[PDB]
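Chains as they are written, first to last, in the authors' numbering: chain U, 58 to 63, 79 to 314; chain Z, 51 to 68, 77 to 326; chain Y, 51 to 68, 78 to 326; chain F, 51 to 65, 78 to 326; chain V, 494 to 534; chain W, 583 to 596, 605 to 776; chain B, 134 to 397; chain R, 266 to 397; chain X, 266 to 397.
Even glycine gets a Cβ: it sits at the ideal position worked out from N, Cα and C.
These notes concern the structure reproduced below.
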Amino acid sequence: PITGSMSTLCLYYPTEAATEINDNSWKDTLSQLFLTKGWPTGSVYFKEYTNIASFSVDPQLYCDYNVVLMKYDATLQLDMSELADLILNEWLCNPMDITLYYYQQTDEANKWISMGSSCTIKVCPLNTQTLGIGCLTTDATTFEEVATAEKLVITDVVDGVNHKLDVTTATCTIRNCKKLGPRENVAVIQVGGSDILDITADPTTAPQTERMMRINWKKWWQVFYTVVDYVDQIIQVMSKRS
Amino acid sequence: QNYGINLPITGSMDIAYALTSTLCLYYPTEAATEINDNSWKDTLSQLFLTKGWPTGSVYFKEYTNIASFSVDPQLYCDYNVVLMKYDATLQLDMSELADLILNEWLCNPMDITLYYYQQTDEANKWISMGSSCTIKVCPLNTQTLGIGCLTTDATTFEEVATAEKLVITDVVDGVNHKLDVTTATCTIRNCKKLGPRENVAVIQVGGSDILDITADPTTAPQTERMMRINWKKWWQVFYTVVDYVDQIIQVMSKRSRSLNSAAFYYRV
Amino acid sequence: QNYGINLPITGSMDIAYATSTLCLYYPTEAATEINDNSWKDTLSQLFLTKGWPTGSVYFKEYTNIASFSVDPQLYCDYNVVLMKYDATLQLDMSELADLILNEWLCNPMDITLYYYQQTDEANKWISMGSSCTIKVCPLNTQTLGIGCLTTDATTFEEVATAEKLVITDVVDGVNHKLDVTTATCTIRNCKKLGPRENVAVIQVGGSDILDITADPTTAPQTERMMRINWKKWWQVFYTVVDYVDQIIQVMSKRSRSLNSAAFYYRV
Amino acid sequence: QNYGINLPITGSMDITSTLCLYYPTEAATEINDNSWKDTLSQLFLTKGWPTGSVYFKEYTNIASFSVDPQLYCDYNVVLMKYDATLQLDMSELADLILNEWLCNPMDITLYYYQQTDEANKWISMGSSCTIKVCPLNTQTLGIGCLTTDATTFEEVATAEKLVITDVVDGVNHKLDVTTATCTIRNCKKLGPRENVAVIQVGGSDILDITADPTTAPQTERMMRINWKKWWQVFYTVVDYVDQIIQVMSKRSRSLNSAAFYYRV
Amino acid sequence: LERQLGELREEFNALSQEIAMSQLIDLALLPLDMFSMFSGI
Amino acid sequence: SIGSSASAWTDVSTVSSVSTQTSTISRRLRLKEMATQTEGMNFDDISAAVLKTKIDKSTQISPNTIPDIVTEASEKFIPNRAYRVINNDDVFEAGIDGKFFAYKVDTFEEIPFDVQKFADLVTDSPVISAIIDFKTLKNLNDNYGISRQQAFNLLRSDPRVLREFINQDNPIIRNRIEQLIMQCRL
Amino acid sequence: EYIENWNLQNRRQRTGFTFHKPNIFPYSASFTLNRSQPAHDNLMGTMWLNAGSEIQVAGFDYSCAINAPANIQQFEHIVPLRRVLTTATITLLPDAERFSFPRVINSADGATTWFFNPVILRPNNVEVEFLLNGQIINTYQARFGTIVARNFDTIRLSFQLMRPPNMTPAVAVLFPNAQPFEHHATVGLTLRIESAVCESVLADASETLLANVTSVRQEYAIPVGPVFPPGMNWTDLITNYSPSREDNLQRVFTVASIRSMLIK
Amino acid sequence: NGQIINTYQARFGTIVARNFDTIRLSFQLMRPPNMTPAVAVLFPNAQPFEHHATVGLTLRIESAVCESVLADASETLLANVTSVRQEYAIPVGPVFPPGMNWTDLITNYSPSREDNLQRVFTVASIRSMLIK
Amino acid sequence: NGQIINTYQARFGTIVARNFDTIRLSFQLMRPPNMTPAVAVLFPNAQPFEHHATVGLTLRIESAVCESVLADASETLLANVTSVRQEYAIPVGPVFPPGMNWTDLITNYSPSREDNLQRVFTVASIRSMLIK
């Protein structure tokens, strides 16, 4: 209804670089670097994760600007897509009680998210008359398997119908979530790769938001330098929080 | 009514405007072997039923190995979707399978035991389908003299493919060649690439995308009829491709050769 | 789009206007009688004289009338089928000429979960394969068979057996049951639509054993069905070579198909 | 004639050669013919090339092909056999063979250095080159490393036959190289080259011709194709040559027009 | 072969001034053939 | 087509735009001397006469080398070539030189030029190989007498008026002819 | 003036109506195809909008005439007028500013639309032919700007699109010789009528006759009669312009001019 | 004055208004009911869009008759006004906006400015008839 | 004038029409309901046909009166016009069509040419009473 007329930075990383540099003072180094580049002391930080999927466990985003380095690995590809989907948009989530209710979807913006320690995800899509479709409502083993022992899962199902769910409440937590829009406050850079990450399970479109960058390397010092030298471009491409 | 005589057609930009379409899905094996059920088809059927699609309208034809599926891919059905299980070691065959079954090839047969041949334009290729093709080609200068190969026998030519079931050669235009295959094993047909085919949509479930349909090096386009998704459990792939099957269907279109008005225009 | 179907043509009578391929098909009788190894090349050089550039004529071989019958294939801008005459293979000759001379569009056929019917007069059923024996039954409104008890097949009223190819016509106005030899044949429900100009038939010997429509009233002999007599195969081949301009003038090319099958399968 | 000025051109809206092929040895090894170059010469004649001016050059490995790289020929189509191993090497190699690099030498035993513009890099070539760095404070003092040390340095590359090094700029750094084994030239990229077209065989078009992360500028010169046999690749090359020729232009430095305008 | 051409070039470049013009025209009147262009040499 | 009825004499197969138009016309009209549609003393006549006297008097000629001499002579003589056309007291002229004129037969008082009647008249009507250019015609008008007879003759490139002019020491025509000579330089 | 033309069409003398920018072209914005795909991956046709006193035509092809003979694609478009004109001074600018931006346009049958992303070339051998009753009176080639037509009633615009001779790589990317097209080619003209002279009554952009008559008919809310089509829609008016309509229109314009000097 | 004195539906080309004091343009944008891949790709559901839909309406006043004096397309007047105002650097006046800015003038059109404008345009109309 | 003026349905032979400028003929071709032995050969129910069915209308305007000028078959104006133009090799004028070709005229009847016709036809009549 308006009329017109014509600061904290964070760089996350996997432990591999930490080992590779073989130092315990790099923090102050990159700090003074940014200082010379025109930043104040104590305005940049650092955080380590162990491995890609482990980073998906209770992901911490809190920073005025977010730059995530992702390392390529073959056998965990779709899961890297999962993590990207998680930290690229803004999710708003509502609870789900699987031993007490029965749930549908209504939106192409309604996804199911599963995070926590470790869980297996089995669902049966339900009929109208609360009868098992190609499985048995009450049997727990007849059901169909959509995820096996996974760190993060972005489940989606066809809308309109009911689906009786089953997961290990002992060791996982699922949220029925809806997307508001992009998480402009976050950006991601993959190393290597072939542009194999997208924000949608959508087959029609997978357009690359200019927040997903790509760089080649052989040693991590070059990588960190290449990032930090271009903090300006990473800044202008993205925006601030909220 | 008035057919085959291409006459202009008047439309307009003055008036705005306010089922029988049959999906025909294919699928590979190890998927099935992991599904561990014989009713999955019925579940897909009932789901499509709730989505607005009739029961008995969807059929599942299965291909065993990609090289096996390469022969005779007569994909005759109102709308066709091919999910291919990717390989990091079997690539060129996927690319050429896409090329073949996504374009329209009008081809005439050959008798290489007798006739010389020569390609004509950048839209003329030689498709070769069958069990185990081992092409043998020998280029010639202007008065039929071997170049890098000896025409007084057969075993000194320059082979271009071995242990292949389906391969589509492209030759230097405007030069004659001698040819050999085992014409009891597989067959080669000289095809002209008439125009893009729109009945099919191919999506790949595996590694990175490799798909290109132009044998042109410069033009390596990304059409819409070529899609890619990841996977770790085929169930979600099926469920999802049915979740967006609306958008997929809206992307493709009716085969421009069987429309009752494509009469006397190459297949109707 | 539609190339123009609803914007009619405009013409006049006052204005004065004053690489293609050709195939052949021959029964192995000729391959026997020839007794040469370099003959096809001679035929090539000849069709050069008559107007075809080298690399524009190909030869195909079929061993029986019955063998060529299954799953027809076509390969050139113009198809010439040289058919041998016989006296006990008449319905097969006519069925093959009907199938290849005429267009067909069919849906697949089953036996499992339906019954079937023809909606009109101009629809037929086609069966092709290794072994095709067809028995059929009509019903009443009572879903009861008249002349064949619906549960037992041995007293069915058969129409086809010991045969490779059959084009059958049954009466409109009732569902049907069939004892198709399923795994050893295959059947489709086709509608013929109109003639095609991409095939021609030259019958050597015999006396016009042909009908292109099973209509008793209309046995329409066309200009594409030609019949000459033979006692020596080289004479047949040459004489065909001598009027290839005429034959090309009798056919037309704007009706070619994309696939090499002379019909159109649309599930 | 009139060089050395930047003299505005007006207009209106009414108005020999050399094709040059490099190839890896394993190919001709798979071929097992020898007269082959002569065969493809005949074919290039048929597509319109003068007889006896087309030259094929042979490199043992892409590493080898990386050191002392020199292209002097009217039209160069360079093939590269991919490997999932040297993605950095191939990227920076296509880079060095895509641009015009204004270069000067360096002596790292007597001075400091810098990068002053975003179009500035430090290129290194040699037999066994392994460079180390140490950025310097505004007081010319080392951080996490000391000008007196040579080991607390920050390693950036290792025995790479070639390397294209870049750092944060406006800041000095004391380095570590072996000069009687390797040379490092301070170079500045200016424009794209039109005498080169890089056909990759195998792979998925992974190149990046800039140390810029934010964009992966893909162009009309980095082409890709798949293979199952070599003569396949060569036939695709020869037949489709005309569109390639249309891609690559005459060397904008070559014409006797760029004289005294940083002409090659 | 080129060398004799260059020598004749130098020669022709200095025999353009020691020619007559009137007689030139009156020559250009008559028609020349193979027989009078190189057989009176 | 620059004019009407494209005639394979005006395509663009191969200063303002008109100059280039007439120039690409003129380099084509050069070959009309090759196809027998002239009425005067053609350019290649002057070329042939220079070739004659030069290849006779010289000392370094030899039967070994007459070939390729005759060729280069044929295809480099007379780089600047002119052409003019007549139509009902109205003549026009174009050349590769980079100019174009139009004027009237009675008085050579120039007329501004048109490029569309021009192409038609040329492509059909007889083309006369200019040998005395417009500079020379206007000047000869100025400082020397002119007869309507004489004028018809000169525009016809008549031998008589030409030679009589040469014999009278009339310097401007001599200078034009010598310029033509000095054009034949191999 | 108007009473005078009245008394002249009474005295059987050649009448004359001068006009500034006459609205003689009826309104009809439609397109035409010569080749069509049901999905529009291969087309060839024309678009044209003729509004007010000007016309804008533009012929387009997706292949840029690569398959066509001799790299040339012709385009025709004719316009007849329902009333002949005289001593017209026409202006001719080669372009289609109205057809120059990507559009989404409705098909002929009316179920779906198609895309348009054209890229402009300049048209060659542009011929504009002002013919009279099937007789050429004015013909103009190879020329733009202001030209003149003495006596014409039938306009033909014929223009050929020539695939360019030779293109810098950024252009060769535009028109891929292979089948898929990723950009579209178009060349066009615009014809504007500034001043004119006619035999009948017309609607200009400087007289209140048409305005005043429509306005008063509305204000006094006269029902529709069988001569004036409903709503004074000048489109229908000029669509079937014919004798009786012409006479009544002359009458109303005359009496409205009579009114004009006094009413205000 | 809020009274719908001329109203029209989707009519194009030419129309007439007897009298009016405001213009209202109300239109409606409609999503494509049925589309094809060329459109389907560039009209997505996802949040980062490539293209953006729009509909434009254009209007040009051609002939009119008014009771209040205004500057026109053919006038010789306003030129004389501005030129006599600039020729000698006349000090900007208490009421006339600087430089005879037509934008600033028609910004707030006051009755006293109206009468001033009338007087000046009239004397200019007189002026023209003497020196062209 | 875009309106229907007069009708005739199933009336044959001679008719009278008051005022018209356009004729429209809408007619139906019917299949016989019953056919005796002779007919079935004429119309095979299948697609191969030999003999084709057709229905025609012959329309002759016997006489009338025109408000413009036209030629006829009972006068002699056109002939005299053409002859006197043909004789002395008069260079064609910029307005009349060549040879007074009547059909080319009618295809593009334009008012100026019309009035010129009327003039020359009055003059032809004038001549026509004096030396026949």
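Going by the beta-carbon positions, is the gap between Y:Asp151 and Y:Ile185 smaller than 7 Å?
No, the pair does not count as a contact, with Cβ atoms beyond the cut-off.
Determine, using beta carbons only, whether Y:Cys244 and Y:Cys196 come nearer to each other than 7 Å.
Not a contact, by the Cβ cut-off of 7 Å.
List the residues of chain Z whose Cβ lies closer than 7 Å to the Cβ of U:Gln294, in chain order.
In chain order: nothing, as chain Z lies at least about 24 Å away.
Do Z:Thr214 and Z:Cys207 have their beta-carbon atoms positioned less than 7 Å apart in this structure?
Contact: yes.
Tell me which same chain residues have a C-beta within less than 7 Å of the C-beta of F:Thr272, skipping the five on either side of it?
For F:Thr272, where only same-chain residues beyond five positions count, the Cβ hits under 7 Å are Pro279.
Tell me where the alpha helix (DSSP H) around B:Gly321 begins and ends.
Taken as a continuous stretch (DSSP letters only), B:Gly321 belongs to no alpha helix (DSSP H), being part of the beta strand (DSSP E) at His317 to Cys331.
Where does Z:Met168 land, buried or exposed, given buried means 16+ other C-beta within 10 angstroms?
Flag for Z:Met168 reads buried.
Quick check on DSSP: helix, strand or coil for W:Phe633?
The answer is helix: DSSP assigns W:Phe633 an H, G or I state.
According to DSSP, simplified to helix, strand and coil, what is Y:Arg286?
Strand at Y:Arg286.
For a test of your reading of the model: does the CB of B:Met365 fall under 6 Å from any non-hydrogen atom of the ligand ATP? Yes or no.
By its list of ligands, the structure shown contains no ligand whatsoever, and the ligand ATP lies outside what it can speak to.
Using only CA atoms, which one of B:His173, B:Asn204 and B:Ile391 lies nearest to B:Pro297?
Out of B:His173, B:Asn204 and B:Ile391, B:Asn204 has the C-alpha closest to the C-alpha of B:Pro297.
Name the residue from Z:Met285, Z:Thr281 and Z:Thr277 whose alpha carbon lies nearest to the alpha carbon of F:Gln308.
The option with the nearest alpha carbon to F:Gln308 is Z:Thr277.
What residue ranges within the stretch 163-199 of chain U form continuous beta strand (DSSP E) runs of no fewer than 3 residues, ordered along the chain?
Qualifying beta strand (DSSP E) stretches, in chain order: 182-187 and 191-198.
At the level of alpha carbons, what is the spacing between U:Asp228 and U:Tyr174?
For U:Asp228 and U:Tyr174, the distance between alpha carbons rounds to 15 Å.
Which bits of chain F does B:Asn310 rub up against, with CB to CB less than 7 Å?
Within chain F, the residues near B:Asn310 are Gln305.
Please name the residue, chosen from B:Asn239, B:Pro359 and B:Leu342, that lies closest to B:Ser390 on a Cα-to-Cα basis.
For B:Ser390, the nearest C-alpha among the options comes from B:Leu342.
Cβ atoms of Y:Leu198 and Y:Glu154: under 7 Å apart, would you say?
Contact: no.
Could you name the residues of the same chain whose beta carbon sits closer than 6 Å to that of residue 101 of chain B, not counting the 5 residues immediately before and after it, in chain order?
In this structure chain B extends from 134 to 397, so residue 101 of chain B is not present and cannot be described.
Below 8 Å on C-beta distance, what does U:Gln104 contact in chain F?
By Cβ distance, chain F contributes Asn199 and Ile205.
Taking 7 Å as the CB-CB cut-off, is B:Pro363 touching chain Y?
Closer than 7 Å: no.
For Z:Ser153, return the contacting residues in chain F, with the cut-off set at a CB-CB distance below 7 Å.
Under the 7 Å cutoff, chain F gives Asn288.
Looking only at its own chain, which residues have a Cβ that is under 6 Å from the Cβ of B:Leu218, when we skip the five neighbours before and after it?
So the qualifying residues of the chain are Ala329 and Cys331.
Going along the chain, which residues of its own chain have a beta-carbon closer than 6 Å to the beta-carbon of F:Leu237, five neighbours each way excluded?
The answer, listed in chain order, is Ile170 and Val195.
At 3 residues or longer, and completely inside the stretch 190-248 of chain B: list those beta strand (DSSP E) runs for me, N to C.
Runs found: 205-213, 218-226 and 236-239.
Do three or more CB pairs link the stretch 352-363 of chain R to the stretch 304-315 of chain R at distances below 8 Å?
At 8 Å Cβ cutoff, the stretches do not touch.
Count the CB pairs spanning the stretch 257-265 of chain U and the stretch 141-149 of chain U that are closer than 8 Å, and state whether there are at least three.
At 8 Å Cβ cutoff, the stretches touch.
Are the beta-carbon atoms of B:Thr368 and B:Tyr160 separated by less than 7 Å?
Yes, the pair counts as a contact, with Cβ atoms nearer than the cut-off.
With a threshold of 7 Å between beta-carbons, can B:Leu294 be considered close to chain Z, or not?
Chain Z contact via Cβ: absent.
Name the residue from U:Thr200, U:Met310, U:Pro275 and U:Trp292 whose alpha carbon lies nearest to the alpha carbon of U:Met285.
Of the listed residues, the one whose Cα sits closest to U:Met285 is U:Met310.
Go to W:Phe691, then tell me how far its beta strand (DSSP E) extends in each direction, as first and last residue.
Residues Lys689 to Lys694.
How big is the Cα-Cα spacing for B:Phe158 and Y:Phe106?
When rounded, the distance between both Cα atoms is 60 Å.
Should B:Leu294 and B:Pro227 be called a contact, given that it needs their Cβ atoms to be closer than 7 Å?
Their beta carbons are not under 7 Å apart, which means B:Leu294 does not touch B:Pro227 by this criterion.
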